[PDB]
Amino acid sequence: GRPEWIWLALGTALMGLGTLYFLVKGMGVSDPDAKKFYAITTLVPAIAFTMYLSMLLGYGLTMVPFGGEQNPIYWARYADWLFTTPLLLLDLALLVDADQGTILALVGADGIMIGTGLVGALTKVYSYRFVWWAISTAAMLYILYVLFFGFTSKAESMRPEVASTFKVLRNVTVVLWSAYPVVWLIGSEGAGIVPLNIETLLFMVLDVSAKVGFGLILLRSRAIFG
């Protein structure tokens, strides 16, 4: 009875339902281009379902000493994000036909974001937790910069309906993603202001929006068809 359990349970349910809905729709499509978007986009909440379920059952949680106390850190979030965040970037890349080398650079940056975020989360010297946070946030900002300036440029060579879908998904991504570093800084991993139960609520809202919300928008569009 960690009080955050309720949001881990709701997160589990929403990621599950979203995965099932997307699989059902995905299995029914025959267009090859649309299939690739369905495969990527169904896997996103499926992974998140597995990690939410794991946390709900008490796995992916460790205690890290800093600031003179033992602090609960959910590390399973990073195992989700490691794979889900680049898959979302891959959906955006495929929509705008990004260059292969831009994709690699973004996936690289994304692994740096998640891996330095996790190192920060497990670091025992309080000050140095923020150093890793800042490196992670830099990597995130590079990603957003590229999505905002580079991908929008590529998108403008596409038909308007593809460009328009990309722009909504870009906007969703920039708003949601930019919130994660702030939650971490003020929550249990950082300054310890916002209690773990509220923090789990906030990451559940963000996660569901960034995966299922995003997917609803992408998979209902005409832009994914060939």
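The numbering used is simple: start at 1 and walk along the sequence shown.
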Inset, instruction - Name the higher of the two by mean Cα B-factor in the PDB entry, 100-108 versus 68-76. - result: 68-76
Legend entry - Stretch with the greater mean C-alpha B-factor as recorded in the entry, comparing 151-159 against 117-125: 151-159
Inset, instruction - Name the residue from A46, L176, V182, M27 with the greatest C-alpha temperature factor listed in the entry. - result: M27
Legend entry - C-alpha B-factor winner, where the candidates are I193, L201, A34, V168: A34
Inset, instruction - Could you tell me which third, lowest, middle or highest, the C-alpha B-factor of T62 occupies within its chain? - result: highest
Inset, instruction - Using the B-factors in the PDB entry, rank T42's C-alpha atom against the chain and give the third, lowest, middle or highest. - result: lowest
Inset, instruction - Would you mind checking where the Cα B-factor of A210 ranks among the modelled residues of its chain, as the lowest, middle or highest third? - result: lowest
Legend entry - CA B-factor ranking of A9, expressed as a third of its chain: highest
Legend entry - Relative C-alpha B-factor of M51, binned into the chain's lowest, middle or highest third: middle
